[PDB]
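Colleague: My questions all concern the structure below.
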Amino acid sequence: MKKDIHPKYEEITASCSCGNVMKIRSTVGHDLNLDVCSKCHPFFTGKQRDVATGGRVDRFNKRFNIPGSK
Amino acid sequence: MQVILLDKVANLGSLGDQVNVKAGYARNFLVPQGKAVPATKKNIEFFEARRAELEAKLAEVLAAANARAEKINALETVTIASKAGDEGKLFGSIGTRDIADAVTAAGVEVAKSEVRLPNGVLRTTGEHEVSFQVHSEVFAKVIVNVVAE
RNA sequence: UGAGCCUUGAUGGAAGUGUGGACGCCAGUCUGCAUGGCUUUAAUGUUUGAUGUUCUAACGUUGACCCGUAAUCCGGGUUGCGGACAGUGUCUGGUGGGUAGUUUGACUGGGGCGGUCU
RNA sequence: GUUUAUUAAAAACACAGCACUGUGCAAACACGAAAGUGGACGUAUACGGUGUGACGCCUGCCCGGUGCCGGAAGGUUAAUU
RNA sequence: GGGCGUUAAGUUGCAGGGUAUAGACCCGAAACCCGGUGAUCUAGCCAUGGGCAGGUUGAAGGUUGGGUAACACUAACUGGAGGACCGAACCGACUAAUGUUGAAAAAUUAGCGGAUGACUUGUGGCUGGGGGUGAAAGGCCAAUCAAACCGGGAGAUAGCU
RNA sequence: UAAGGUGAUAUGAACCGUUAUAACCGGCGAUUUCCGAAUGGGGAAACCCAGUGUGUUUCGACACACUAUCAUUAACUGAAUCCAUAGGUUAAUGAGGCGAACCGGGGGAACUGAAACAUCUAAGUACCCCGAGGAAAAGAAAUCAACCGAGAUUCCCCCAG
Ligand SMILES: [Mg+2]
Ligand SMILES: [Mg+2]
Ligand SMILES: [Mg+2]
Ligand SMILES: [Mg+2]
Ligand SMILES: [Mg+2]
Ligand SMILES: [Mg+2]
Ligand SMILES: [Mg+2]
Ligand SMILES: [Mg+2]
Ligand SMILES: [Mg+2]
Ligand SMILES: [Mg+2]
Ligand SMILES: [Mg+2]
């Protein structure tokens, strides 16, 4: 639902089988929290994968300079 | 896999490693409160000035901190009874305070962060040995004793 | 304890007496040490895979207490217990009907049952 | 004893008894987005779930089939490299 | 040699015959799907209040007198049980007649069962449709229930009348 | 603008007007109870209750006026913890709700057809949700071409069923 840093997902899709299922699929990603900011100290964001790995090449700061600004 | 300790701590590096280091280990412990590291362009070049500019410390500073084992050795017996009782045991707590605080029983003061004793001290009353460890370059010697009341 | 590079060895300071490991078509040679005047393969460096040792430093805490707060959430702080474990991400061997992908003919004295389709 | 009020009162449901299994208490489990509540103001001689079958006398033989419980040495076997 | 061609005038309108894509002559299902409205009936349950002349019988236990070495045993009095009795209110519906274009879309009349209990009732609250509730009949969920009502997909489809 | 005129179902009464502030029409205003985004709090809509200020005051009062919530900024206050934040107060701006269709976007059927039915169709239609405008939306090559070259996006007819 979140993965804040990055968008998210929760888009639907149909999970076909052998030929076809007109069913539906959805909810993905995950969560976690408690991220230590070099500054004061951690607010627990509920990012997920692709969000967690993002806080790496990036920052922790710029990775937050948005969930604030905007 | 890229950091700069400088304040070596059992890690395969001193004065900060410039080649492949550990990863995910510093994200929560090393970097926080411990020894910050980021071996990324910016922080890198800034360390060169701390080294390319390089000592009077080994001759002078070492001396303003080496007299430790010499200033405190002939000391009068430490008489801080740790509530010896319980049919042959004690009541008083022996850990960090009574070891170092045993010096201001007349005035002088120290820092509880210099003690040298791996194991905690058994709550006895005998010749409590205290190997004062001010700095790596220089070590000292102290004692402690318990009485009945 | 395996294996890769490959580093130092055995095939392809001047005599004699000796000690050890080597293997045999076997009657033998190999090979360090005192006194005497490239590959087949072994050790050390290593790189890396295995078990097993120990360490703290991962972060965990659905323990306690303090504020926000006349909240059971959450966050911060103190404290305790756990601790580089757990757990997560990528990769990888298992296992995996738990799930999925792979319609059910016609003829016929209605149809179906039966029978037949060359 | 109970049941198809209004075509079935039974050999069906229940029953006491038996067994398996789960639950260390903020119990398992259930109602509930949560708070909270039931279980229980009980705490393994207790509570739940499954199957077998008031009180009395009892409840025989079969584990081949299916299911479940234990083992897991060996065979077969997924992703993965 | 044989197949197909080779001194067949076509083309563009207009009106018509046919064909193609379209509804598709008209009316009609039982149904499926989507979104809302419904627990003012009824089924359960929650909270808070009320009712039971109505009347009867009268077990176990006990108090006391008697009595026993002690009990049993007994006599009264108290006591108050029971798929107990008849029994009004109240609750329910076993039987027959009448009604059947009714007084009434389930009742009236005479009987009938329970009536201190798994009782009965007022007020308000909570469960929503493949869902609820159910001492279980597929019963009840507003005269509707083997899947409610309302609106929509919708002119569903109808080789049938 | 003007001789009439006081809206309609019915006059009638009592009247206003004929010159140029009587009507009547058009513009800008003034007023504009209660409810309704409803905004001081509550509420079964048009009702109920308060705080803090006010004027006239025969100086209790009447009514009036302000006081919702969010967001931006401003200043002031300000925890666990020195700091700093969290939080709090005040104030100025602004939003909030209606709205027919067209438009961008998030979510998205089934009947139906395939003479059955799963791929496929219906159709990204129905519908539901958000948003904005007068239109919206789109709009200067890491485009295409084929060794020739074209030259941003958009909309129209062809290429082609
Ligand atoms: Mg459906
Ligand atoms: Mg009563
Ligand atoms: Mg009843
Ligand atoms: Mg009579
Ligand atoms: Mg029953
Ligand atoms: Mg029942
Ligand atoms: Mg029925
Ligand atoms: Mg007002
Ligand atoms: Mg409000
Ligand atoms: Mg066809
Ligand atoms: Mg269609």
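By order in the structure tokens, chains are A, B, ...; within a chain, residues start at 1; ligands start at 1, following the order shown.
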Name each residue within 10 Å of ligand 1, counting only C-alpha atoms (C1' of nucleotides) and all ligand atoms, as a ChimeraX atom specification.

Modeller: /E:32-34,130 /F:109-110

Colleague: Output N, CA and C atoms (P, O5', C5', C4', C3', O3' and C1' of nucleotides) for every residue in that selection, as a PDB file, in the first residue's frame.

Modeller:
```
ATOM      1  P     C E  32     -30.331 -16.662 -10.563  1.00  0.00           P
ATOM      2  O5'   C E  32     -29.093 -16.127 -11.410  1.00  0.00           O
ATOM      3  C5'   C E  32     -28.182 -17.041 -12.014  1.00  0.00           C
ATOM      4  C4'   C E  32     -27.185 -16.294 -12.870  1.00  0.00           C
ATOM      5  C3'   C E  32     -26.511 -15.071 -12.259  1.00  0.00           C
ATOM      6  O3'   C E  32     -25.405 -15.427 -11.437  1.00  0.00           O
ATOM      7  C1'   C E  32     -27.244 -14.567 -14.455  1.00  0.00           C
ATOM      8  P     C E  33     -24.996 -14.478 -10.208  1.00  0.00           P
ATOM      9  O5'   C E  33     -24.433 -13.168 -10.915  1.00  0.00           O
ATOM     10  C5'   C E  33     -23.303 -13.238 -11.780  1.00  0.00           C
ATOM     11  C4'   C E  33     -22.954 -11.865 -12.293  1.00  0.00           C
ATOM     12  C3'   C E  33     -22.974 -10.762 -11.236  1.00  0.00           C
ATOM     13  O3'   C E  33     -21.750 -10.664 -10.521  1.00  0.00           O
ATOM     14  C1'   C E  33     -24.189 -10.069 -13.147  1.00  0.00           C
ATOM     15  P     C E  34     -21.701  -9.818  -9.156  1.00  0.00           P
ATOM     16  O5'   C E  34     -21.956  -8.320  -9.628  1.00  0.00           O
ATOM     17  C5'   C E  34     -20.962  -7.612 -10.366  1.00  0.00           C
ATOM     18  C4'   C E  34     -21.362  -6.165 -10.535  1.00  0.00           C
ATOM     19  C3'   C E  34     -21.739  -5.441  -9.246  1.00  0.00           C
ATOM     20  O3'   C E  34     -20.628  -4.954  -8.506  1.00  0.00           O
ATOM     21  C1'   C E  34     -23.360  -4.998 -10.917  1.00  0.00           C
ATOM     22  P     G E 130     -25.111 -12.162  -2.664  1.00  0.00           P
ATOM     23  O5'   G E 130     -24.331 -13.445  -2.135  1.00  0.00           O
ATOM     24  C5'   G E 130     -23.893 -13.516  -0.779  1.00  0.00           C
ATOM     25  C4'   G E 130     -23.633 -14.949  -0.382  1.00  0.00           C
ATOM     26  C3'   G E 130     -22.527 -15.677  -1.076  1.00  0.00           C
ATOM     27  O3'   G E 130     -21.870 -16.557  -0.175  1.00  0.00           O
ATOM     28  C1'   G E 130     -24.602 -16.749  -1.531  1.00  0.00           C
TER      29        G E 130
ATOM     30  P     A F 109     -13.781  -6.400 -15.031  1.00  0.00           P
ATOM     31  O5'   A F 109     -15.004  -5.982 -15.960  1.00  0.00           O
ATOM     32  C5'   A F 109     -15.892  -6.961 -16.478  1.00  0.00           C
ATOM     33  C4'   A F 109     -17.104  -7.088 -15.590  1.00  0.00           C
ATOM     34  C3'   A F 109     -18.169  -8.032 -16.099  1.00  0.00           C
ATOM     35  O3'   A F 109     -17.837  -9.345 -15.669  1.00  0.00           O
ATOM     36  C1'   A F 109     -19.167  -5.994 -15.377  1.00  0.00           C
ATOM     37  P     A F 110     -17.797 -10.547 -16.734  1.00  0.00           P
ATOM     38  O5'   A F 110     -19.333 -10.806 -17.056  1.00  0.00           O
ATOM     39  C5'   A F 110     -20.210 -11.272 -16.039  1.00  0.00           C
ATOM     40  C4'   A F 110     -21.645 -11.012 -16.421  1.00  0.00           C
ATOM     41  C3'   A F 110     -22.066 -11.470 -17.823  1.00  0.00           C
ATOM     42  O3'   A F 110     -22.363 -12.854 -17.931  1.00  0.00           O
ATOM     43  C1'   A F 110     -22.863  -9.279 -17.434  1.00  0.00           C
TER      44        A F 110
END
```

Colleague: What's the 10 Å shell around stretch 43-48 of chain A, counting only C-alpha atoms (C1' of nucleotides), without same-chain residues fewer than 5 positions away, as a PyMOL selection string?

Modeller: (chain A and resi 1-8+28-37+53-55+64+67) or (chain C and resi 74-76+88-89)

Colleague: Kindly save the residues from that selection, with C-alpha atoms (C1' of nucleotides) included, as a PDB file, in the first residue's frame.

Modeller:
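Saved result, selection20.pdb, follows:
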```
ATOM      1  CA  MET A   1       0.000   0.000   0.000  1.00  0.00           C
ATOM      2  CA  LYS A   2       2.889   2.295   0.915  1.00  0.00           C
ATOM      3  CA  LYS A   3       6.569   1.663   0.008  1.00  0.00           C
ATOM      4  CA  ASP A   4       6.470   5.455   0.374  1.00  0.00           C
ATOM      5  CA  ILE A   5       9.886   6.267  -1.168  1.00  0.00           C
ATOM      6  CA  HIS A   6       8.786   4.551  -4.383  1.00  0.00           C
ATOM      7  CA  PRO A   7       5.144   4.550  -5.536  1.00  0.00           C
ATOM      8  CA  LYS A   8       3.657   1.141  -4.625  1.00  0.00           C
ATOM      9  CA  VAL A  28       2.258  -6.805  -3.340  1.00  0.00           C
ATOM     10  CA  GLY A  29       5.470  -5.422  -1.937  1.00  0.00           C
ATOM     11  CA  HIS A  30       5.673  -5.497   1.827  1.00  0.00           C
ATOM     12  CA  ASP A  31       6.910  -3.307   4.630  1.00  0.00           C
ATOM     13  CA  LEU A  32       9.432  -2.726   7.423  1.00  0.00           C
ATOM     14  CA  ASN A  33      10.486   0.303   9.436  1.00  0.00           C
ATOM     15  CA  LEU A  34      12.848   1.881  11.975  1.00  0.00           C
ATOM     16  CA  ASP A  35      15.423   3.682   9.806  1.00  0.00           C
ATOM     17  CA  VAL A  36      18.243   5.496  11.698  1.00  0.00           C
ATOM     18  CA  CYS A  37      18.810   9.002  10.306  1.00  0.00           C
ATOM     19  CA  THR A  53      17.342  -0.778  -1.902  1.00  0.00           C
ATOM     20  CA  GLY A  54      16.605   2.731  -3.113  1.00  0.00           C
ATOM     21  CA  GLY A  55      17.577   4.321   0.163  1.00  0.00           C
ATOM     22  CA  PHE A  64      13.226  11.772   2.782  1.00  0.00           C
ATOM     23  CA  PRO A  67       8.098  12.634   1.861  1.00  0.00           C
TER      24      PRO A  67
ATOM     25  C1'   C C  74       2.728   5.214  17.033  1.00  0.00           C
ATOM     26  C1'   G C  75       7.264   8.046  18.081  1.00  0.00           C
ATOM     27  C1'   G C  76      11.076   9.735  21.173  1.00  0.00           C
ATOM     28  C1'   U C  88      15.068  -8.992   5.331  1.00  0.00           C
ATOM     29  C1'   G C  89      16.735  -8.253   0.022  1.00  0.00           C
TER      30        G C  89
END
```

Colleague: I'd like the interatomic distance between atom CA of residue B:41 and atom CA of residue A:50, to a tenth of an Å.

Modeller: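 Those two atoms sit 24.7 Å apart.
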
Colleague: Using only C-alpha atoms (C1' of nucleotides) and all ligand atoms, what are the residues with an atom within 10 Å of ligand 9, set out as a ChimeraX atom specification?

Modeller: /F:39,41,68-69

Colleague: Can I get the selection written as a PDB file, in the first residue's frame, with C-alpha atoms (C1' of nucleotides)?

Modeller:
```pdb
ATOM      1  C1'   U F  39     -18.847  26.726  10.026  1.00  0.00           C
ATOM      2  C1'   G F  41     -21.413  22.907  20.448  1.00  0.00           C
ATOM      3  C1'   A F  68     -16.003  24.654  12.962  1.00  0.00           C
ATOM      4  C1'   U F  69     -11.885  21.824  10.432  1.00  0.00           C
TER       5        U F  69
END
```

Colleague: Around ligand 10, at most 10 Å away and counting only C-alpha atoms (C1' of nucleotides) and all ligand atoms, which residues are there? Put them as a PDB file with C-alpha atoms (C1' of nucleotides), in the first residue's frame, please.

Modeller:
```
ATOM      1  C1'   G F 113     -22.274 -13.198 -29.656  1.00  0.00           C
ATOM      2  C1'   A F 114     -19.255 -17.462 -31.039  1.00  0.00           C
ATOM      3  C1'   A F 115     -26.149 -20.626 -33.693  1.00  0.00           C
TER       4        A F 115
END
```

Colleague: Residues contacting ligand 4 - anything with an atom at most 12 Å away, using only C-alpha atoms (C1' of nucleotides) and all ligand atoms - can you give me those as a list in words?

Modeller: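 Using only C-alpha atoms (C1' of nucleotides) and all ligand atoms, I find these residues within 12 Å of ligand 4: residues 108, 109 and 110 of chain E.
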
Colleague: Would you mind listing what lies within 10 Å of residue F:108 as a ChimeraX atom specification, with only C-alpha atoms (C1' of nucleotides) counted and same-chain residues fewer than 4 positions away left out?

Modeller: /E:34 /F:124,126-128

Colleague: Could you tell me, counting only C-alpha atoms (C1' of nucleotides) and all ligand atoms, which protein and nucleic acid residues lie no more than 12 Å from ligand 11, written as a PyMOL selection string?

Modeller: (chain E and resi 22-23+153-156) or (chain F and resi 110-113+121-123+125-126)

Colleague: Identify every residue of chain A that has at least one atom within 6 Å of any atom of chain C, counting only C-alpha atoms (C1' of nucleotides), and report the result as a PDB file with C-alpha atoms, in the first residue's frame.

Modeller:
```pdb
ATOM      1  CA  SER A  17      -3.508 -21.185 -15.288  1.00  0.00           C
ATOM      2  CA  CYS A  18      -3.455 -23.713 -18.131  1.00  0.00           C
ATOM      3  CA  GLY A  19      -5.036 -21.608 -20.802  1.00  0.00           C
TER       4      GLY A  19
END
```

Colleague: Could you list, with a cut-off of 9 Å and counting only C-alpha atoms (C1' of nucleotides) and all ligand atoms, the residues of chain E near ligand 7, each shown with its nearest atom pair and the distance in Å rounded to one decimal, rows sorted by chain and ascending number, as CSV?

Modeller:
```
residue,atom,partner,partner_atom_place_in_ligand_line,distance
E:138,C1',ligand 7,1 (Mg),6.9
E:139,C1',ligand 7,1 (Mg),8.2
E:145,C1',ligand 7,1 (Mg),6.0
E:146,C1',ligand 7,1 (Mg),7.8
```

Colleague: As JSON, numbers by chain, could you give me every residue of chain B near chain A (at most 9 Å apart, counting only C-alpha atoms)?

Modeller: {"B": [27, 28, 31, 32]}

Colleague: Using only C-alpha atoms (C1' of nucleotides), which protein or nucleic acid residues come within 6 Å of stretch 139-142 of chain B? Drop anything in the same chain fewer than 3 positions from it, and give the result as number ranges by chain.

Modeller: B: 68-69, 73, 130-133

Colleague: Report as number ranges by chain which protein, DNA and RNA residues come within 8 Å of ligand 5, using only C-alpha atoms (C1' of nucleotides) and all ligand atoms.

Modeller: D: 2-3, 13; E: 135-136

Colleague: Take the selection from the previous step and output its residues with C-alpha atoms (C1' of nucleotides), as a PDB file, in the first residue's frame.

Modeller:
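The resulting file, again_13.pdb, is reproduced below:
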```
ATOM      1  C1'   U D   2     -34.604 -34.877  20.408  1.00  0.00           C
ATOM      2  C1'   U D   3     -36.194 -34.087  15.225  1.00  0.00           C
ATOM      3  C1'   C D  13     -29.854 -36.494  16.544  1.00  0.00           C
TER       4        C D  13
ATOM      5  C1'   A E 135     -33.596 -26.500  19.942  1.00  0.00           C
ATOM      6  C1'   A E 136     -33.049 -27.915  12.151  1.00  0.00           C
TER       7        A E 136
END
```

Colleague: Would you give me, as a PyMOL selection string, the residues of chain A that come within 10 Å of chain F, using only C-alpha atoms (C1' of nucleotides)?

Modeller: chain A and resi 11-12+19-22+40

Colleague: What residues in chain C lie within 9 Å of chain B, counting only C-alpha atoms (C1' of nucleotides), written as a PDB file with N, CA, C and O atoms (P, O5', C5', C4', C3', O3' and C1' of nucleotides), in the first residue's frame?

Modeller:
```
ATOM      1  P     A C  57      30.615  -4.458  20.302  1.00  0.00           P
ATOM      2  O5'   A C  57      30.137  -4.087  18.827  1.00  0.00           O
ATOM      3  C5'   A C  57      29.102  -3.141  18.581  1.00  0.00           C
ATOM      4  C4'   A C  57      28.188  -3.677  17.505  1.00  0.00           C
ATOM      5  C3'   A C  57      27.456  -4.999  17.866  1.00  0.00           C
ATOM      6  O3'   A C  57      26.146  -5.127  17.340  1.00  0.00           O
ATOM      7  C1'   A C  57      28.800  -5.309  15.945  1.00  0.00           C
ATOM      8  P     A C  58      25.091  -3.928  17.485  1.00  0.00           P
ATOM      9  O5'   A C  58      24.769  -3.555  15.970  1.00  0.00           O
ATOM     10  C5'   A C  58      23.475  -3.805  15.449  1.00  0.00           C
ATOM     11  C4'   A C  58      23.530  -4.110  13.974  1.00  0.00           C
ATOM     12  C3'   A C  58      22.236  -4.849  13.588  1.00  0.00           C
ATOM     13  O3'   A C  58      21.135  -3.998  13.330  1.00  0.00           O
ATOM     14  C1'   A C  58      24.123  -6.073  12.829  1.00  0.00           C
ATOM     15  P     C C  59      19.851   0.014  14.115  1.00  0.00           P
ATOM     16  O5'   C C  59      19.372  -1.501  14.049  1.00  0.00           O
ATOM     17  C5'   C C  59      19.229  -2.155  12.796  1.00  0.00           C
ATOM     18  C4'   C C  59      18.889  -3.603  13.010  1.00  0.00           C
ATOM     19  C3'   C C  59      17.843  -3.789  14.092  1.00  0.00           C
ATOM     20  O3'   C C  59      16.519  -3.600  13.628  1.00  0.00           O
ATOM     21  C1'   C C  59      19.652  -5.260  14.487  1.00  0.00           C
ATOM     22  P     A C  84      26.055 -13.343  18.584  1.00  0.00           P
ATOM     23  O5'   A C  84      26.561 -12.253  17.540  1.00  0.00           O
ATOM     24  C5'   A C  84      27.072 -12.628  16.264  1.00  0.00           C
ATOM     25  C4'   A C  84      26.213 -12.038  15.172  1.00  0.00           C
ATOM     26  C3'   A C  84      26.924 -11.889  13.833  1.00  0.00           C
ATOM     27  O3'   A C  84      25.940 -11.954  12.802  1.00  0.00           O
ATOM     28  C1'   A C  84      26.320  -9.757  14.683  1.00  0.00           C
TER      29        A C  84
END
```

Colleague: Of the candidates F:31, F:64, F:4, F:15, which one gets nearest to ligand 8 if we count only C-alpha atoms (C1' of nucleotides) and all ligand atoms?

Modeller: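 Ranked by minimum distance to ligand 8, first place goes to F:64.
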